[PDB]
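Peer 1: One structure is given below, represented as structure tokens, and several questions about it will come after.
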Amino acid sequence: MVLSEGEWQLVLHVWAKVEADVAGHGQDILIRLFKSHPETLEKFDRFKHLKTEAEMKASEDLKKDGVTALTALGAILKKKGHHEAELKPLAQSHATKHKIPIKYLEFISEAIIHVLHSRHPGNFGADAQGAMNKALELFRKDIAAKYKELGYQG
Ligand code: HEM
């Protein structure tokens with residue numbers, strides 16, 4: 001699959017707004033993920049013990065991981081599909097060290113779309129959401145292919 005330049009522009013336009021507050025979006029996205037799919041929280045040994053949203057909002061460790069995740073995703077999106085080099089180390093750590101199934105990448109993709117829809121209605125209309133979904137689908141498809149090559153695929 002391949003996105004058009006127009007689709008990439010819609011993706012990068014809303015991402016530019018996300019970059020105005022990376023830490024804030026990072027918290028919102030991870031917390032959305034953990035509330036919608038509690039099982040994903042078990043993968044984060046640092047704060048698997050958090051019980052409530054209030055505790056999650058106060059966690060500096062969660063906020064830092066959110067920034068790290070979004071910054072890595074932003075770098076990938078900015079490559080507009082030419083992200084082979086960026087995906088290699090990410091695929092290896094998440095497949096071999098963290099053991100993150102593709103299902104969880106789908107879950108976080110859903111959280112990203114939910115938060116952008118909530119915080120940026122003016123720049124996340126139907127066409128923009130479709131472009132973002134297409135970009136995330138491409139990311140998941142390529143990461144899944146790498147998982148397979150690495151011996152994980154799951
Ligand atoms: C948007 C997709 C994601 C991106 C771009 C991303 C990016 C990153 C980055 C850059 C790191 C630090 C370097 C590394 O270990 O590779 C990291 C660590 C990690 N990621 Fe992801 N990640 C994503 C999704 C997920 C998901 C869905 C989970 C599991 C629910 C997850 C769990 C972890 C864990 C457990 C760590 C290690 C944290 C620690 O113990 O310090 N990641 N991720």
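Note that the numbers count up from 1, one per residue, in the order the chain is shown.
The backbone N, Cα and C atoms fix where each Cβ goes, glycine too.
As annotated in Swiss-Prot:
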BINDING   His94  heme b binding site
MOD_RES   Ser4  phosphoserine
MOD_RES   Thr68  phosphothreonine
Peer 1: For the residue listed as 'phosphothreonine', just count the other CB atoms lying within 10 A of its CB, please.
Peer 2: 12
Peer 1: State the Cα to Cα distance, in Å, between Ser4 (phosphoserine) and the residue listed as 'phosphothreonine', rounded to an integer.
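Peer 2: Cα of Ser4 (phosphoserine) to Cα of the residue listed as 'phosphothreonine' measures 28 Å after rounding.
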Peer 1: Can you grab the distance from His94 (heme b binding site) over to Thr68 (phosphothreonine)? Cα atoms, rounded to a whole Å.
Peer 2: 14
Peer 1: Can you check what DSSP calls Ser4 (phosphoserine), collapsed to helix, strand or coil?
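Peer 2: SS state of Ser4 (phosphoserine) = coil.
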Peer 1: Take the Cβ of the residue listed as 'phosphoserine' and count every other Cβ within 10 Å, whichever protein chain it belongs to.
Peer 2: 10
Peer 1: Just how many other Cβ atoms lie inside 10 Å of the Cβ on the residue listed as 'heme b binding site'?
Peer 2: 21
